[PDB]
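Here the structure comes first, spelled out in structure tokens, and everything after it is commentary.
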Amino acid sequence: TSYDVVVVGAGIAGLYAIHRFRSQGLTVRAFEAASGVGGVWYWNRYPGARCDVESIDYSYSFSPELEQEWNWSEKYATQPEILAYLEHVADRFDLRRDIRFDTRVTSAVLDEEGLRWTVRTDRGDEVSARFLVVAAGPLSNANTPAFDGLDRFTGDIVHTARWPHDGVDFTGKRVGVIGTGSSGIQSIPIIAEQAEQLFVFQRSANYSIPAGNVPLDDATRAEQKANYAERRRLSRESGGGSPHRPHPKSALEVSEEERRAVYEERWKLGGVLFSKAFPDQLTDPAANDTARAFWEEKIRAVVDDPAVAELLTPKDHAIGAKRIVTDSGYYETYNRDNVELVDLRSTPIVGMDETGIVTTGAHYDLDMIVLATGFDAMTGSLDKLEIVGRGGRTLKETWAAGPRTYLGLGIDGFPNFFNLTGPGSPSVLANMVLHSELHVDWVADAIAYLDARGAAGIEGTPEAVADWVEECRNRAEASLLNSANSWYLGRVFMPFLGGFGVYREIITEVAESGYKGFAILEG
Ligand SMILES: Cc1cc2nc3c(=O)[nH]c(=O)nc-3n(C[C@H](O)[C@H](O)[C@H](O)COP(=O)(O)OP(=O)(O)OC[C@H]3O[C@@H](n4cnc5c(N)ncnc54)[C@H](O)[C@@H]3O)c2cc1C
Ligand SMILES: NC(=O)c1ccc[n+]([C@@H]2O[C@H](COP(=O)([O-])OP(=O)(O)OC[C@H]3O[C@@H](n4cnc5c(N)ncnc54)[C@H](OP(=O)(O)O)[C@@H]3O)[C@@H](O)[C@H]2O)c1
């Protein structure tokens with residue numbers, strides 16, 4: 001019941017963690033709440049669930065064999081394909097034997113003298129670890145909003161977070177969807193394909209850009225696969241972990257014709273990359289406005305009814321402030337005869353009854369209600385974890401006035417503890433597979449550094465975290481991501497905004513210099 005490393009989570013990050021640590025001779029125990037590997041790709045399985053970043057980028061690079069061997073069927077893989085990929089990865093590297101599934105980590109307590117972590121679970125596991133590595137992911141489900149009389153409704157209630165494995169038939173059914181974030185946006189067009197009638201209950205419109213999905217052919221695949229190494233080098237040095245860069249010139253320093261041409265290009269590629277089309281797009285409000293206009297025109301042209309197009313248009317929000325969603329035929333869905341967009345600002349939901357949804361304005365008879373829930377704060381999974389460090393001081397207490405980290409990898413009072421791809425790191429702002437590889441590699445090197453020195457532990461110094469907190473604050477203040485009610489907030493803007501390449505370089509040089517800003521512990 002003791003191991004070198006305990007890993008929390010078996011999604012992209014935990015799976016690579018198991019592989020990397022084991023390869024270096026460390027014994028590893030992983031714990032996963034879900035019944036299988038995959039993380040978000042295991043449990044978030046509503047129809048239309050799909051990644052934001054091209055699959056060739058949003059995939060592992062640690063294995064040349066896997067890169068050559070695996071064939072992505074399209075530009076943006078759906079979750080069943082990403083799940084299949086991750087299951088294949090766990091097969092190839094024999095990861096499952098070190099994972100205990102259906103097992104939720106509840107507490108981790110530092111033994112200050114021994115420099116070890118006692119990790120406890122809801123299934124009665126109690127294990128001892130030199131290093132505790134939390135790979136619990138950036139996205140956890142929001143609580144189902146309290147609707148009165150929900151318990152009274154007699155039709156089916158389906159949650160996008162807990163989608164039935166064997167699916168749900170919408171044929172013949174009157175369906176209501178509450179929620180227009182990414183879960184609602186991705187499932188809506190698919191729901192509308194087989195539903196008798198679909199009502200979308202929208203409170204706040206969000207920005208969405210087409211995926212523009214193409215099935216990747218043979219001659220395309222082999223040519224991208226032939227140039228994979230170079231694509232990875234460009235990705236690892238870039239702002240967002242993909243082989244793309246913003247325009248050389250600024251948005252306002254270019255002509256109106258050329259501005260449309262750059263925007264038109266990035267619309268085709270589609271996704272998150274549209275947000276970073278010009279260098280100052282997320283920096284300067286006026287440059288942002290030009291992207292908002294381009295977006296509004298595109299949507300006005302796709303949606304037949306002018307008033308619906310207006311209703312689908314987000315009001316006084318910077319485009320790309322909140323993360324832009326990626327869709328497959330979402331706005332085209334509203335041209336159908338069998339879909340209605342309900343403005344909840346006009347007529348809010350006041351409850352449900354036996355037969356459907358009650359708004360202030362009208363009652364809606366429904367056979368099925370789909371709760372397209374959103375995702376909790378970036379720290380949501382960590383907040384379900386009781387982590388007791390030096391002095392019996394909890395992580396939740398340390399983070400009360402905001403997350404405090406050095407590089408996202410060190411916290412004073414929490415030695416030999418590593419939170420992956422969370423606050424103080426680029427996190428959701430970068431390609432997370434590559435980001436996971438970066439963090440897992442960094443942790444492994446740090447462990448190797450300590451083992452070579454005969455040292456017991458490593459810990460963020462108070463001075464270094466304070467410098468980093470302010471460094472994060474400084475990069476954040478110029479950004480339109482630091483919006484009044486931004487999800488990246490907790491006040492403290494949580495992710496590192498400098499860029500992924502910049503951050504890689506910062507943490508690599510820290511390591512190379514004998515871990516400045518960390519204390520090496522003999523313990
Ligand atoms: C529709 C959608 C599309 C996305 N597209 C992209 C994209 O294109 N690019 C991108 O970079 N990111 C994308 N993301 C973000 C995605 O969340 C991350 O890429 C991904 O989750 C990183 O994997 P992870 O292993 O860090 O975390 P996760 O996938 O969340 O895995 C963490 C695992 O830890 C488990 N866990 C948590 N707490 C505990 C505990 N206490 N005990 C035991 N187990 C625990 C969870 O059950 C989960 O299985 C997308 C997310 C969604 C929902
Ligand atoms: N690829 C990625 O990395 C990725 C993917 C998804 C999300 N994210 C991140 O996570 C954050 C949140 O994403 P999200 O899509 O979960 O949040 P979201 O965009 O707010 O989606 C939730 C939806 O449900 C609606 N809703 C919630 N409670 C309601 C109620 N009581 N009545 C009616 N409607 C209600 C919300 O409306 P209101 O807006 O009016 O509350 C919203 O439309 C984003 O900012 C993004 O940074 C990242």
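Residues in the structure tokens are named by chain (A, B, ... in the order shown) and by number from 1 within that chain; ligands are numbered from 1 in the order shown.
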As JSON, numbers by chain, list the residues of stretch 182-386 of chain A assigned to strand (DSSP E or B) by DSSP on the backbone atoms of this structure. {"A": [195, 197, 198, 199, 200, 201, 202, 208, 209, 210, 215, 325, 326, 327, 339, 340, 341, 342, 343, 349, 350, 351, 352, 353, 356, 357, 358, 359, 363, 364, 365, 368, 369, 370, 371, 375, 386]}
Quick one: write out the picked residues with N, CA and C atoms as a JSON list (two decimals), in the first residue's frame?
[["chain", "number", "residue", "atom", "x", "y", "z"],
["A", 195, "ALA", "N", -36.10, 14.86, -33.91],
["A", 195, "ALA", "CA", -37.25, 15.28, -33.09],
["A", 195, "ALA", "C", -38.47, 15.69, -33.93],
["A", 197, "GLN", "N", -40.44, 18.00, -32.70],
["A", 197, "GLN", "CA", -40.45, 19.41, -32.43],
["A", 197, "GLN", "C", -39.41, 19.70, -31.36],
["A", 198, "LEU", "N", -38.61, 20.74, -31.58],
["A", 198, "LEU", "CA", -37.56, 21.14, -30.64],
["A", 198, "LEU", "C", -37.72, 22.59, -30.22],
["A", 199, "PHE", "N", -37.74, 22.82, -28.91],
["A", 199, "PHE", "CA", -37.73, 24.15, -28.34],
["A", 199, "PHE", "C", -36.42, 24.34, -27.61],
["A", 200, "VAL", "N", -35.69, 25.37, -28.01],
["A", 200, "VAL", "CA", -34.43, 25.75, -27.38],
["A", 200, "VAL", "C", -34.74, 26.94, -26.47],
["A", 201, "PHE", "N", -34.48, 26.75, -25.18],
["A", 201, "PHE", "CA", -34.76, 27.77, -24.19],
["A", 201, "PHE", "C", -33.46, 28.50, -23.87],
["A", 202, "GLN", "N", -33.27, 29.65, -24.51],
["A", 202, "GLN", "CA", -32.02, 30.40, -24.45],
["A", 202, "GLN", "C", -32.13, 31.62, -23.53],
["A", 208, "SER", "N", -20.40, 31.09, -31.59],
["A", 208, "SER", "CA", -20.05, 29.79, -32.13],
["A", 208, "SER", "C", -19.58, 29.94, -33.58],
["A", 209, "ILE", "N", -18.54, 29.19, -33.92],
["A", 209, "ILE", "CA", -17.98, 29.19, -35.26],
["A", 209, "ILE", "C", -18.00, 27.76, -35.81],
["A", 210, "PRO", "N", -18.34, 27.58, -37.10],
["A", 210, "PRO", "CA", -18.35, 26.26, -37.73],
["A", 210, "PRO", "C", -17.05, 25.47, -37.55],
["A", 215, "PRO", "N", -14.06, 14.74, -43.83],
["A", 215, "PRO", "CA", -13.41, 13.44, -43.63],
["A", 215, "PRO", "C", -12.02, 13.45, -44.26],
["A", 325, "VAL", "N", -17.41, 28.63, -28.95],
["A", 325, "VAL", "CA", -17.82, 27.25, -29.18],
["A", 325, "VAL", "C", -17.62, 26.89, -30.65],
["A", 326, "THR", "N", -17.49, 25.60, -30.93],
["A", 326, "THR", "CA", -17.37, 25.11, -32.28],
["A", 326, "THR", "C", -18.57, 24.22, -32.58],
["A", 327, "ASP", "N", -19.24, 24.50, -33.71],
["A", 327, "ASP", "CA", -20.49, 23.81, -34.05],
["A", 327, "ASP", "C", -20.48, 23.12, -35.41],
["A", 339, "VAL", "N", -38.05, 23.66, -35.27],
["A", 339, "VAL", "CA", -37.32, 24.22, -34.13],
["A", 339, "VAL", "C", -37.73, 25.66, -33.80],
["A", 340, "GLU", "N", -37.92, 25.93, -32.51],
["A", 340, "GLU", "CA", -38.26, 27.26, -32.02],
["A", 340, "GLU", "C", -37.27, 27.68, -30.94],
["A", 341, "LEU", "N", -36.79, 28.91, -31.08],
["A", 341, "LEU", "CA", -35.89, 29.51, -30.13],
["A", 341, "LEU", "C", -36.70, 30.38, -29.18],
["A", 342, "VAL", "N", -36.69, 30.02, -27.90],
["A", 342, "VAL", "CA", -37.45, 30.74, -26.88],
["A", 342, "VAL", "C", -36.52, 31.66, -26.08],
["A", 343, "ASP", "N", -36.85, 32.95, -26.08],
["A", 343, "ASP", "CA", -36.09, 33.97, -25.33],
["A", 343, "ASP", "C", -36.47, 33.94, -23.86],
["A", 349, "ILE", "N", -38.23, 30.58, -17.39],
["A", 349, "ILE", "CA", -38.82, 29.36, -16.85],
["A", 349, "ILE", "C", -39.16, 29.62, -15.38],
["A", 350, "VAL", "N", -40.42, 29.37, -15.01],
["A", 350, "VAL", "CA", -40.85, 29.50, -13.61],
["A", 350, "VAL", "C", -41.07, 28.14, -12.95],
["A", 351, "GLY", "N", -41.02, 27.09, -13.77],
["A", 351, "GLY", "CA", -41.14, 25.71, -13.29],
["A", 351, "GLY", "C", -41.50, 24.69, -14.35],
["A", 352, "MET", "N", -41.60, 23.43, -13.92],
["A", 352, "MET", "CA", -42.14, 22.36, -14.75],
["A", 352, "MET", "C", -43.38, 21.78, -14.09],
["A", 353, "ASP", "N", -44.26, 21.21, -14.92],
["A", 353, "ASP", "CA", -45.37, 20.42, -14.41],
["A", 353, "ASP", "C", -45.35, 19.05, -15.08],
["A", 356, "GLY", "N", -44.96, 19.51, -19.08],
["A", 356, "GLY", "CA", -43.88, 20.27, -19.71],
["A", 356, "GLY", "C", -43.29, 21.42, -18.94],
["A", 357, "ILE", "N", -42.91, 22.47, -19.67],
["A", 357, "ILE", "CA", -42.23, 23.62, -19.08],
["A", 357, "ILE", "C", -43.17, 24.82, -19.01],
["A", 358, "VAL", "N", -43.20, 25.44, -17.83],
["A", 358, "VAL", "CA", -43.98, 26.65, -17.59],
["A", 358, "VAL", "C", -43.05, 27.85, -17.66],
["A", 359, "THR", "N", -43.30, 28.73, -18.63],
["A", 359, "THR", "CA", -42.66, 30.04, -18.64],
["A", 359, "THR", "C", -43.70, 31.03, -18.14],
["A", 363, "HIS", "N", -47.14, 27.88, -21.77],
["A", 363, "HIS", "CA", -46.75, 26.54, -21.37],
["A", 363, "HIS", "C", -46.30, 25.74, -22.57],
["A", 364, "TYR", "N", -45.27, 24.92, -22.38],
["A", 364, "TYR", "CA", -44.74, 24.08, -23.45],
["A", 364, "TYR", "C", -44.87, 22.61, -23.11],
["A", 365, "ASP", "N", -45.74, 21.91, -23.85],
["A", 365, "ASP", "CA", -45.89, 20.46, -23.76],
["A", 365, "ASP", "C", -44.65, 19.78, -24.31],
["A", 368, "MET", "N", -39.78, 15.20, -23.59],
["A", 368, "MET", "CA", -38.41, 15.09, -23.12],
["A", 368, "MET", "C", -37.83, 16.48, -22.85],
["A", 369, "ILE", "N", -37.13, 16.60, -21.73],
["A", 369, "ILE", "CA", -36.38, 17.80, -21.40],
["A", 369, "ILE", "C", -34.90, 17.43, -21.33],
["A", 370, "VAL", "N", -34.08, 18.16, -22.08],
["A", 370, "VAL", "CA", -32.63, 17.96, -22.10],
["A", 370, "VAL", "C", -31.96, 19.10, -21.37],
["A", 371, "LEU", "N", -31.29, 18.78, -20.26],
["A", 371, "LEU", "CA", -30.61, 19.79, -19.48],
["A", 371, "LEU", "C", -29.18, 19.84, -19.96],
["A", 375, "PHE", "N", -20.28, 23.83, -17.16],
["A", 375, "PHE", "CA", -19.16, 23.29, -16.40],
["A", 375, "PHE", "C", -18.78, 24.24, -15.27],
["A", 386, "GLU", "N", -10.15, 17.15, -0.22],
["A", 386, "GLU", "CA", -9.57, 17.68, 1.01],
["A", 386, "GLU", "C", -8.07, 17.40, 0.96]]
Could you pull out the helix (DSSP H, G or I) residues of stretch 331-385 of chain A, going by DSSP on the backbone, and write them as a PyMOL selection string? chain A and resi 331-333+382-384
Ligand 1: which residues are within 6 Å, counting only C-alpha atoms and all ligand atoms? Reply as JSON, numbers by chain. {"A": [8, 9, 10, 11, 12, 13, 14, 31, 32, 33, 34, 39, 40, 49, 50, 51, 52, 53, 58, 103, 104, 105, 106, 135, 136, 137, 138, 139, 381, 385, 430, 431, 432]}
What do you get as a VMD selection string if you pick all residues at most 8 Å from ligand 2, counting only C-alpha atoms and all ligand atoms? chain A and resid 51 to 52 138 to 139 141 to 142 144 to 147 178 to 184 201 to 206 322 to 325 344 348 to 349 371 to 378 428 to 429 486 to 488
Could you save the residues just selected, with C-alpha atoms, as a PDB file, in the first residue's frame?
ATOM      1  CA  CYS A  51     -13.068  18.677 -29.749  1.00  0.00           C
ATOM      2  CA  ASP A  52     -12.131  22.320 -30.553  1.00  0.00           C
ATOM      3  CA  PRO A 138     -10.121  21.621 -15.913  1.00  0.00           C
ATOM      4  CA  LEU A 139     -13.824  20.915 -16.477  1.00  0.00           C
ATOM      5  CA  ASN A 141     -20.107  19.521 -14.311  1.00  0.00           C
ATOM      6  CA  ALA A 142     -22.158  22.380 -12.922  1.00  0.00           C
ATOM      7  CA  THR A 144     -28.309  20.847 -12.319  1.00  0.00           C
ATOM      8  CA  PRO A 145     -30.174  24.146 -11.747  1.00  0.00           C
ATOM      9  CA  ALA A 146     -33.059  23.982  -9.284  1.00  0.00           C
ATOM     10  CA  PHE A 147     -36.290  23.888 -11.270  1.00  0.00           C
ATOM     11  CA  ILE A 178     -32.262  24.190 -21.558  1.00  0.00           C
ATOM     12  CA  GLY A 179     -28.730  25.548 -21.993  1.00  0.00           C
ATOM     13  CA  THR A 180     -26.914  27.026 -24.983  1.00  0.00           C
ATOM     14  CA  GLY A 181     -23.251  26.570 -24.014  1.00  0.00           C
ATOM     15  CA  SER A 182     -21.126  23.989 -25.806  1.00  0.00           C
ATOM     16  CA  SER A 183     -23.256  20.980 -24.726  1.00  0.00           C
ATOM     17  CA  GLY A 184     -26.450  22.565 -26.054  1.00  0.00           C
ATOM     18  CA  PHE A 201     -34.756  27.766 -24.189  1.00  0.00           C
ATOM     19  CA  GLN A 202     -32.021  30.400 -24.450  1.00  0.00           C
ATOM     20  CA  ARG A 203     -31.060  32.901 -21.736  1.00  0.00           C
ATOM     21  CA  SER A 204     -27.718  34.178 -23.110  1.00  0.00           C
ATOM     22  CA  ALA A 205     -26.584  33.711 -26.709  1.00  0.00           C
ATOM     23  CA  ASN A 206     -22.969  32.553 -27.139  1.00  0.00           C
ATOM     24  CA  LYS A 322     -15.739  33.483 -23.098  1.00  0.00           C
ATOM     25  CA  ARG A 323     -14.322  30.573 -25.124  1.00  0.00           C
ATOM     26  CA  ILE A 324     -15.840  30.447 -28.594  1.00  0.00           C
ATOM     27  CA  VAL A 325     -17.815  27.246 -29.179  1.00  0.00           C
ATOM     28  CA  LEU A 344     -35.860  33.335 -21.574  1.00  0.00           C
ATOM     29  CA  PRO A 348     -38.203  32.920 -18.031  1.00  0.00           C
ATOM     30  CA  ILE A 349     -38.821  29.362 -16.846  1.00  0.00           C
ATOM     31  CA  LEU A 371     -30.612  19.794 -19.479  1.00  0.00           C
ATOM     32  CA  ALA A 372     -27.573  21.015 -21.378  1.00  0.00           C
ATOM     33  CA  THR A 373     -25.610  21.854 -18.269  1.00  0.00           C
ATOM     34  CA  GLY A 374     -22.444  23.872 -18.164  1.00  0.00           C
ATOM     35  CA  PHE A 375     -19.164  23.294 -16.399  1.00  0.00           C
ATOM     36  CA  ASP A 376     -18.098  24.393 -12.895  1.00  0.00           C
ATOM     37  CA  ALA A 377     -15.109  26.674 -12.146  1.00  0.00           C
ATOM     38  CA  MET A 378     -11.594  25.608 -13.281  1.00  0.00           C
ATOM     39  CA  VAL A 428      -7.467  25.527 -21.010  1.00  0.00           C
ATOM     40  CA  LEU A 429      -5.837  28.348 -22.994  1.00  0.00           C
ATOM     41  CA  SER A 486     -15.291  35.705 -16.851  1.00  0.00           C
ATOM     42  CA  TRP A 487     -15.060  31.954 -16.232  1.00  0.00           C
ATOM     43  CA  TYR A 488     -11.270  32.277 -16.011  1.00  0.00           C
TER      44      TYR A 488
END
How many Å lie between atom CA of residue A:468 and atom CA of residue A:6, rounded to one decimal?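 If I compute the distance from atom CA of residue A:468 to atom CA of residue A:6, I get 26.5 Å.
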Quick one: residues within 8 Å of stretch 16-29 of chain A, only C-alpha atoms counted, chain neighbours fewer than 2 positions away excluded, as a list in words? residues 3, 4, 5, 6, 7, 12, 13, 14, 31, 93, 95, 98, 99, 100, 436, 437, 440, 441 and 444 of chain A
Keeping only C-alpha atoms, write the selected residues as a PDB file, in the first residue's frame.
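Generated file (part09.pdb):
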ATOM      1  CA  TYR A   3       3.916   3.774  -4.155  1.00  0.00           C
ATOM      2  CA  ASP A   4       6.272   6.390  -5.556  1.00  0.00           C
ATOM      3  CA  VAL A   5       3.412   8.292  -7.181  1.00  0.00           C
ATOM      4  CA  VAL A   6      -0.347   8.391  -6.717  1.00  0.00           C
ATOM      5  CA  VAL A   7      -2.117   9.854  -9.754  1.00  0.00           C
ATOM      6  CA  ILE A  12      -5.491  12.302 -21.179  1.00  0.00           C
ATOM      7  CA  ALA A  13      -3.187  13.558 -18.399  1.00  0.00           C
ATOM      8  CA  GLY A  14      -3.337  10.650 -15.929  1.00  0.00           C
ATOM      9  CA  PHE A  31      -7.528   6.290  -9.088  1.00  0.00           C
ATOM     10  CA  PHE A  93       0.885   0.787 -22.810  1.00  0.00           C
ATOM     11  CA  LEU A  95      -2.087   1.269 -18.115  1.00  0.00           C
ATOM     12  CA  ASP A  98      -2.389   0.328 -12.140  1.00  0.00           C
ATOM     13  CA  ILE A  99      -5.743   2.125 -12.150  1.00  0.00           C
ATOM     14  CA  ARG A 100      -8.539   1.479  -9.675  1.00  0.00           C
ATOM     15  CA  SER A 436      -0.384  17.391 -20.262  1.00  0.00           C
ATOM     16  CA  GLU A 437       2.796  16.007 -21.847  1.00  0.00           C
ATOM     17  CA  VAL A 440       3.976  15.242 -16.760  1.00  0.00           C
ATOM     18  CA  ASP A 441       7.492  15.447 -18.278  1.00  0.00           C
ATOM     19  CA  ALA A 444       9.142  13.299 -13.961  1.00  0.00           C
TER      20      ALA A 444
END
Between A:188, A:465, A:132, A:150, which has the minimum distance to residue A:120 (counting only C-alpha atoms)?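 Once distances to residue A:120 are computed over only C-alpha atoms, the minimum belongs to A:132.
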Which value, in Å to one decimal, gives the distance between atom CA of residue A:499 and atom CA of residue A:420? 16.8 Å
Find the residues near residue A:207: any atom within 12 Å, counting only C-alpha atoms, skip ones fewer than 5 places away on the same chain, and give them as a PyMOL selection string. chain A and resi 180-182+185+271-272+274-275+291-296+298-299+312-327+330-331
Å distance separating atom CA of residue A:155 from atom CA of residue A:355, one decimal place: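 Rounded to one decimal, the two atoms are 7.2 Å apart.
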Restricting the calculation to only C-alpha atoms, which member of A:335, A:160, A:213, A:474 is positioned closest to residue A:492?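 Comparing A:335, A:160, A:213, A:474 against residue A:492, the winner is A:474.
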Would you please work out which residue, of A:297, A:253, A:242, A:186, is nearest to residue A:310 when using only C-alpha atoms?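 Looking only at the distances to residue A:310, the closest residue turns out to be A:297.
Closest approach to residue A:329 among A:134, A:303, A:308, A:83 is made by A:303 (distances from only C-alpha atoms).
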From A:514, A:285, A:415, A:498, residue lying nearest residue A:238 [only C-alpha atoms]: A:498
Find the spatial neighbours of residue A:221, counting only C-alpha atoms, within a cut-off of 9 Å - ignore same-chain residues fewer than 5 positions away - and output them as JSON, numbers by chain. {"A": [71, 72, 216, 226]}
For the residues in that selection, give me C-alpha atoms as a PDB file, in the first residue's frame.
ATOM      1  CA  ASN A  71      -5.889   7.336 -38.222  1.00  0.00           C
ATOM      2  CA  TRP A  72      -8.215  10.178 -37.319  1.00  0.00           C
ATOM      3  CA  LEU A 216      -9.612  13.207 -43.907  1.00  0.00           C
ATOM      4  CA  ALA A 226       5.148  12.618 -42.945  1.00  0.00           C
TER       5      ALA A 226
END
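Between residue A:230 and the residues A:128, A:143, A:61, A:482, the shortest atom-to-atom distance, using only C-alpha atoms, involves A:61.
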